[PDB]
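Trainee: One structure, pasted below without further comment.
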Amino acid sequence: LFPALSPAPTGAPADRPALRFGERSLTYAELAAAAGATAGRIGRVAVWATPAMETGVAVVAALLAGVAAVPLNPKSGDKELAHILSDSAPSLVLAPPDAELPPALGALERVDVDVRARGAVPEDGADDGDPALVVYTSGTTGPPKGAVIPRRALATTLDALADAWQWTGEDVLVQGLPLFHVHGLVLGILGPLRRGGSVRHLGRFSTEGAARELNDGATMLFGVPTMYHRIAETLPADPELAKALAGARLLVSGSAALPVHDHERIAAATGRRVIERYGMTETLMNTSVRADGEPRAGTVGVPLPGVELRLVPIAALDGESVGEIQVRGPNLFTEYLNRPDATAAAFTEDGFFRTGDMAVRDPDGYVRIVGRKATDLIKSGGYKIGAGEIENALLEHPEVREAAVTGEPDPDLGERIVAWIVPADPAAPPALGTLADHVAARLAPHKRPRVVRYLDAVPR
Ligand SMILES: Nc1ncnc2c1ncn2[C@@H]1O[C@H](COP(=O)(O)O)[C@@H](O)[C@H]1O
Ligand SMILES: [Mg+2]
Numbered sequence: 004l005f006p007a008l009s010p011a012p013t014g015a016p017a018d019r020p021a022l023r024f025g026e027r028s029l030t031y032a033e034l035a036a037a038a039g040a041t042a043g044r045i046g050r051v052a053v054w055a056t057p058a059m060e061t062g063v064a065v066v067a068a069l070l071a072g073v074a075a076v077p078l079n080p081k082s083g084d085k086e087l088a089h090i091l092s093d094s095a096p097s098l099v100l101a102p103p104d105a106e107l108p109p110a111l112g113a114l115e116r117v118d119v120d121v122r123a124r125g126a127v128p129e130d131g132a133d134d135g136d137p138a139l140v141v142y143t144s145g146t147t148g149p150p151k152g153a154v155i156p157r158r159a160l161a162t163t164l165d166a167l168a169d170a171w172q173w174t175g176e177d178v179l180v181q182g183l184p185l186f187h188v189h190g191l192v193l194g195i196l197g198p199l200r201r202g203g204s205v206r207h208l209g210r211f212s213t214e215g216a217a218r219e220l221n222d223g224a225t226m227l228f229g230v231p232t233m234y235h236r237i238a239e240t241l242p243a244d245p246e247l248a249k250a251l252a253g254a255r256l257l258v259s260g261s262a263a264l265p266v267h268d269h270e271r272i273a274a275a276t277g278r279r280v281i282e283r284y285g286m287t288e289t290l291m292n293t294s295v296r297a298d299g300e301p302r303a304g305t306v307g308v309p310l311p312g313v314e315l316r317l318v324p325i326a327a328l329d330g331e332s333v334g335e336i337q338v339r340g341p342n343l344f345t346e347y348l349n350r351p352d353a354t355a356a357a358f359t360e361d362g363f364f365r366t367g368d369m370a371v372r373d374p375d376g377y378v379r380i381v382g383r384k385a386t387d388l389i390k391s392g393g394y395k396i397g398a399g400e401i402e403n404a405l406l407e408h409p410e411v412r413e414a415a416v417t418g419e420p421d422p423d424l425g426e427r428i429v430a431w432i433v434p435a436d437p438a439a440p441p442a443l444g445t446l447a448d449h450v451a452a453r454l455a456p457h458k459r460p461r462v463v464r465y466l467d468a469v470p471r
């Protein structure tokens with residue numbers, strides 16, 4: 004899976020940078036030795055997945071040990087953590103030494119990840135179908151489901167992207183994405199390591215941080231559309247950001263659609279374009295605009311190498332006929348953990364995954380996503396948010412009689428979460444802050460409502 008790390012590297016390749024988080028870093032040899040030390044302490051593991059160097063060591067340790075890692079959002083609330091811990095039943099939690107873990111984890115064995123540790127790299131005995139990660143992802147109803155992603159899916163999606171993006175071990179990625187979803191963790195940490203390149207993770211994203219790295223040796227930027235929107239807003243004021251983007255080898259957006267207004271403001275300011283790729287937790291990456299292809303705003307390009315894609324079958328490349336994307340290939344997840352019926356429902360009889368995403372293809376083969384089959388989802392900041400579980404959390408509040416949750420358009424977030432509340436007392440309805448704080452404390456801050464509306468009645 005990472006031949007630059009296992010077996011332990013030597014000579015020149017060993018002293019190449021691997022991970023950089025501000026002034027902290029690990030070379031390939033250092034990462035292999037720190038992850039090896041950690042791997043020997045863990046013969050399912052949770053990872054307290056802060057946007058910090060320890061998280062890269064932890065996840066690499068789990069992969070070197072052949073043990074599935076379950077990334078935890080360090081801002082998850084008590085309900086969300088309890089569910090993941092009960093469902094995935096990890097043996098221990100890998101954490102940074104200084105982290106303060108919440109009481110939901112009080113009974114789990116804690117293994118501190120020491121980035122200065124030096125141990126052997128374990129023999130690789132893993133098989134291609136073995137679980138690599140369990141990544142919790144929201145559905146439209148109920149608590150999040152654990153997508154079990156096999157080792158083969160990581161290797162294939164990363165090598166497919168390498169071909170599409172002309173990504174090599176000479177590339178230096180900058181990113182500031184969360185490390186408990188596949189965008190930040192699989193593409194943004196495991197990808198550079200599989201290529202033999204490096205990643206500079208910003209900790210918290212900022213336009214200034216991205217510009218600094220791109221002007222100082224970083225060659226690629228990955229972000230969600232919100233980050234590109236903030237880039238587009240800042241460009242007129244920020245000559246160094248414009249030069250940074252103009253000089254980059256590749257700018258990539260994913261997790262949600264990049265609006266054409268943001269695309270064109272970047273192109274107007276910098277003279278170059280942002281590649282979009284389309285993927286999901288359950289499928290990893292399906293399509294992309296290629297580095298050697300035509301840049302076309304509002305498209306997600308062509309199927310990656312090894313991905314079988316169909317629209318439902325719609326045969327014409329007419330830019331009009333709307334159909335459901337379905338995909339098959341070695342990029343696919345294994346199952347939803349503990350959910351064999353939901354797993355079966357997600358697949359056609361002939362083994363294609365039903366994305367729910369609606370698209371056309373143009374005469375060049377390029378896919379344009381244009382909606383959804385039956386049921387809209389909520390994407391806020393490029394996080395997929397499930398309405399049902401926010402409703403269920405709101406219903407616990409004593410000032411809420413009934414709740415419905417929707418998304419509405421937001422130029423920065425894409426969509427923002429709306430809470431529609433039948434109050435306990437219509438003359439004293441609960442304010443937004445009380446409801447937002449409650450959802451943030453139960454689930455996670457990124458899931459909080461940003462708007463509250465009061466009604467007499469909501470759907471049942
Ligand atoms: N570049 C993109 N354009 C439009 N939608 C996207 C893109 N990348 C991902 N998505 C959406 O994100 C979903 C996967 O996000 P997730 O559920 O977080 O794993 C897909 O089903 C799409 O709806
Ligand atoms: Mg609903």
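Residue numbers for the sequence shown, in the entry's author numbering: 4 to 46, 50 to 318, 324 to 471.
C-beta: ideal position from N, C-alpha, C; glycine also.
1) If you pair each beta-carbon of the region 116-125 with each one of the region 369-381, do three or more pairs fall below 8 Å?
2) Just how far apart, CA to CA, sit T445 and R453?
3) Could you say if the region 94-114 and the region 55-70 meet the contact criterion of at least three C-beta pairs nearer than 8 Å?
4) From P149 to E115, what does the alpha carbon distance come to, in whole angstroms?
5) According to DSSP, simplified to helix, strand and coil, what is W171?
6) Where DSSP assigns a beta bridge to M286, which residues make up the other side?
7) Below 8 Å on the Cβ atoms is my contact criterion, and I expect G203 with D177 to pass it. Report the Cβ-Cβ distance as a whole number of Å.
8) Quick check: what's the CA-CA separation for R412 versus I428?
9) Distance check for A468 and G418, CA to CA, integer angstroms please.
10) Along the chain, where does the beta strand (DSSP E) that runs through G382 open and close?
11) Cβ atoms of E288 and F358: under 8 Å apart, would you say?
12) With which residues is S92 paired in a DSSP beta bridge?
13) In chain order, what residues of the same chain lie with their CB nearer than 6 Å to the CB of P96, ignoring the 5 residues before and after it?
14) Candidates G72, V140 and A168: which alpha carbon is nearest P311's?
15) Can you tell me which of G307, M286, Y377 and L348 puts its alpha carbon nearest to the alpha carbon of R339?
16) Kindly indicate which residue of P57, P16, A42 and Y142 has the alpha-carbon position closest to the one of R350.
17) For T445, is the beta carbon positioned less than 7 Å from some heavy atom of ligand 2?
18) Could you check what DSSP says for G215 in three-state terms: helix, strand or coil?
19) Report the three-state DSSP secondary structure of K151 (helix, strand or coil).
20) Give the straight-line distance between the Cα atoms of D361 and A355, rounded to the nearest whole angstrom.
21) Relative to the C-alpha of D423, which candidate in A17, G145 and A262 has its C-alpha closest?
22) Report the rounded CA-to-CA distance for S9 versus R201, giving the unit in angstroms.
23) Run through DSSP, which three-state label would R471 get?
24) Shortest alpha-carbon distance to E407 belongs to which of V450, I380 and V381?
25) What are the boundary residues of the beta strand (DSSP E) that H267 is part of?
26) Rounded to whole angstroms, what is the Cα-Cα separation between residue 472 and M233?
27) Considering only residues of the region 115-144, which uninterrupted beta strand (DSSP E) runs meet the minimum length of 3 residues and lie entirely inside it, listed in chain order?
28) If you draw a straight line from the C-alpha of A327 to the C-alpha of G334, how long is it?
29) How would you label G25, buried or exposed, when you count the other beta carbons within 10 angstroms and need 16 or more for buried?
30) Any idea if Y347 is buried or exposed, counting beta-carbon neighbours within 10 angstroms, 16 or more meaning buried?
31) Please indicate yes or no: does the CB of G399 lie closer than 7 Å to some heavy atom of ligand 2?
32) Could you tell me the distance, in whole angstroms, from the CA atom of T146 to the CA atom of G307?
33) Cutting at 6 Å between CB atoms, please list the residues of its own chain near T225, excluding the five before and the five after it.
34) Of the choices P80, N292, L290 and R278, whose alpha-carbon is the least far from that of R302?
35) Can you check whether the CB of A398 is closer than 8 Å to the CB of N79?
36) Would you call the CB atoms of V205 and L22 closer than 8 Å?
Mentor: Taking the definition as stated:
1) no
2) 12 Å
3) yes
4) 24 Å
5) helix
6) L290
7) 5 Å
8) 19 Å
9) 18 Å
10) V378 to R383
11) no
12) BP columns for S92 are empty, so no partner.
13) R50, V51, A52 and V76
14) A168
15) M286
16) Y142
17) no
18) helix
19) strand
20) 11 Å
21) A262
22) 13 Å
23) coil
24) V450
25) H267 -> not in any beta strand (DSSP E); alpha helix (DSSP H) instead, spanning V266 to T276.
26) This structure does not reach residue 472, given that the chain is present from 4 up to 471, and the question cannot be answered.
27) 115-118 and 137-143
28) 11 Å
29) exposed
30) buried
31) yes
32) 27 Å
33) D177, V178 and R255
34) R278
35) no
36) yes
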